[PDB]
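FYI, it's all coordinate maths here, none of it is from the lab. With ideal geometry, Cβ positions are generated from the backbone for all residues, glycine too; neighbour counts draw on all protein chains shown.
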Amino acid sequence: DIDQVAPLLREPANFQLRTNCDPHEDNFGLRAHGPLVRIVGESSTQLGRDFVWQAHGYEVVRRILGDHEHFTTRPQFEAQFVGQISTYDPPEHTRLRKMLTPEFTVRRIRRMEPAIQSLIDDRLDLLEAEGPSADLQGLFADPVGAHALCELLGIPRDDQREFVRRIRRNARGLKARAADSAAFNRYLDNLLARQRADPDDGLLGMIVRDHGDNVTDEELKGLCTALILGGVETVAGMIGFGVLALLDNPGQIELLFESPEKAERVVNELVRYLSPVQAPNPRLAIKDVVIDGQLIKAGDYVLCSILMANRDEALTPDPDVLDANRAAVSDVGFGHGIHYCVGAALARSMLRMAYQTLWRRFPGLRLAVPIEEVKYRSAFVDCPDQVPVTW
Ligand code: HEM
């Protein structure tokens with residue numbers, strides 16, 4: 001069942017940009033052209049193509065994200081990607097994934113909660129000290145995402161301050177970046193030498209303990225990088241956007257305290273509605289494949305919009321309303337298939353604690369600026385730049 005070729009559309013001015021927490025109207029106009037379109041603009045140029053496909057309907061995004069038969073996420077050049085699990089295809093992906101799995105179980109996460117609760121409490125103390133107009137993004141969301149990652153890797157408490165600073169620097173000139181990189185790499189080598197010598201219980205220690213000489217230091221450093229890139233800004237973005245979204249839909253705040261089951265639904269509904277990883281790694285076709293009446297040719301790239309897929313009426317009724325009371329559905333906020341977020345259980349747990357502790361301590365939380373004044377970061381993961389609040 002083949003249709004006319006999807007029409008070439010010029011990339012809209014506000015392609016991938018938002019209006020408050022939502023996709024900018026330009027993205028809905030593009031979606032109105034069909035589940036699969038072809039776009040020409042900055043995206044295709046950046047990928048060295050005349051055009052790129054954009055899958056933005058729910059069914060097609062779920063299908064492509066999970067299809068590792070017809071698509072690869074390997075960069076087309078390599079050593080700079082060693083251990084970057086999201087860019088591996090099976091069988092290599094499978095090996096790295098199995099090394100990570102054991103450290104992300106709910107059992108391991110629960111044991112981590114006291115330290116996470118304590119981090120959240122400390123950052124809210126600072127928010128409270130700052131008083132009215134305090135930047136919730138910079139004082140609470142950002143450091144919670146950064147320090148939670150530090151805890152997961154097992155970064156010494158006294159090194160975290162500097163480590164988070166490094167995390168944000170490489171995130172000033174190529175020469176300065178080369179220096180930050182050299183320093184970060186030196187730090188990781190010393191950290192790994194210590195773990196190889198006497199493995200502790202952290203994520204790195206557990207992998208050294210379980211695989212030892214079956215995993216290289218290059219892979220371990222790449223895995224560290226993958227977790228930092230995959231978990232710091234995403235958590236920070238969910239906290240910031242989640243706060244904005246709950247403040248704009250206050251009736252949802254009480255559901256957070258209704259029951260453990262309802263609180264988990266609020267967190268999953270926020271991930272669906274917000275989808276901070278709006279567009280994951282582009283999928284490069286390695287075999288021709290027919291999808292929804294279009295022929296995607298080997299060599300073509302397909303951008304998958306998780307954000308627009310999760311706003312599809314095909315997924316749920318009134319998808320543009322934040323409503324944790326809707327029947328749970330299989331959204332693609334954490335992805336789908338072999339690359340499904342390895343950190344999903346941890347994110348769900350940290351986000352529930354972050355939001356609940358925040359409203360227990362500042363029940364009268366209120367945005368301190370007009371919603372239209374809030375600015376948003378331009379990066380691989382969507383995230384508010386500053387979120388001034390009062391209470
Ligand atoms: C709510 C917060 C988060 C969201 C919405 C999110 C979303 C995603 C999505 C969309 C993918 C699929 C990427 C793709 O298919 O190309 C993914 C993969 C992954 N995420 Fe998350 N993530 C979040 C939190 C985290 C955290 C806390 C960590 C780290 C501790 C993490 C680590 C990763 C890694 C390393 C992958 C690659 C997995 C693989 O390739 O097998 N994520 N995530």
* To do: Could you pull out the residue among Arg326, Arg311 that is outside any helix (DSSP H, G or I), basic (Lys, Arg) and under 22 Å from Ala6 (Cα atoms)?
  => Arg311
* Asked: How many residues, within region 65-111, are closer than 19 Å to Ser305 by Cα, β-branched (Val, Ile, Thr) and near the ligand (Cβ under 10 Å from one of its atoms)?
  -> 2
* To do: Could you grab me the full set of residues in region 270-280 that are in a helix (DSSP H, G or I) and either more than 17 Å from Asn20 (Cβ to Cβ) or of a type in the set (A, V, I, L, M) (or both)?
  => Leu270, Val271, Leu274
* Asked: Consider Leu30 against the criteria (1) within 14 Å of the ligand (Cβ to nearest atom); (2) touching a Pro at 6+ places or on another chain (Cβ under 9 Å); (3) of a type outside the set (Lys, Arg): it satisfies all of them except one. Which criterion is unmet?
  -> (1)
* Residues of region 272-299 being of a type in the set (A, V, I, L, M) and surrounded by fewer than 17 Cβ atoms within 10 Å (Cβ to Cβ), which ones? -> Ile286, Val290, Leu295, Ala298
* **Unmet requirement for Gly29, which otherwise passes all of (1) out of contact with any helix residue (DSSP H, G or I) (no Cβ under 8 Å at 6 or more places or on another chain); (2) of a type outside the set (D, E, K, R); (3) in a loop (DSSP other than H, G, I, E, B); (4) under 30 Å from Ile371 (Cα atoms)** => (3)
* Selection count, region 6-26, where residues are over 30 Å from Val387 (Cβ atoms) and assigned to a strand (DSSP E or B) -> 3
* Asked: Taking region 65-82, which residues are within 23 Å of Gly231 (Cα to Cα) and surrounded by 21 or more Cβ atoms within 10 Å (Cβ to Cβ)?
  -> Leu65
* So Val302 clears everything in (1) surrounded by fewer than 21 Cβ atoms within 10 Å (Cβ to Cβ); (2) touching a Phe, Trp or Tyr at 6+ places or on another chain (Cβ under 6 Å); (3) outside any loop (DSSP other than H, G, I, E, B) except one condition, right? Which one? -> (1)
* Structure fact -> Flagged in region 163-180 as farther than 23 Å from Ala148 by Cβ and within 24 Å of the chain's Cα centre (by Cα), in numbering order, are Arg177
* Go over the candidates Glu269, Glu313 one by one and state the one that is surrounded by fewer than 22 Cβ atoms within 10 Å (Cβ to Cβ) and among the acidic types (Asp, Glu). => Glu313
* Residues that are surrounded by fewer than 21 Cβ atoms within 10 Å (Cβ to Cβ), within 30 Å of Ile85 (Cα to Cα), more than 10 Å from the ligand (Cβ to nearest atom) and small (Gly, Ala, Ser), drawn from region 326-372 -> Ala328, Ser330
* Among all residue pairs at least 6 apart or on different chains, which show Cβ distances below 6 Å where the first residue, located in region 171-192, is among the aliphatic types (A, V, I, L, M) and the second is in a helix (DSSP H, G or I) and surrounded by 13 or more Cβ atoms within 10 Å (Cβ to Cβ)? -> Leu188/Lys221; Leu192/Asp217; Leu192/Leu220
* For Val381, state whether it is closer than 26 Å to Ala141 by Cα, within 16 Å of the ligand (Cβ to nearest atom) and among the β-branched types (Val, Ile, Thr). => yes
* Sort out which residues of region 87-108 are in a helix (DSSP H, G or I) and either surrounded by 18 or more Cβ atoms within 10 Å (Cβ to Cβ) or of a type in the set (A, V, I, L, M) (or both), and write them in order of number. => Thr87, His93, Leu96, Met99, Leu100, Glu103, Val106
* Check off (1) more than 27 Å from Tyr88 (Cα to Cα); (2) within 11 Å of the ligand (Cβ to nearest atom) for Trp391 and give me the number that stays unchecked. => (2)
* Answer yes or no: is there a residue in region 57-64 that is under 30 Å from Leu9 (Cβ atoms), touching a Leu at 6+ places or on another chain (Cβ under 8 Å) and part of a loop (DSSP other than H, G, I, E, B). => yes
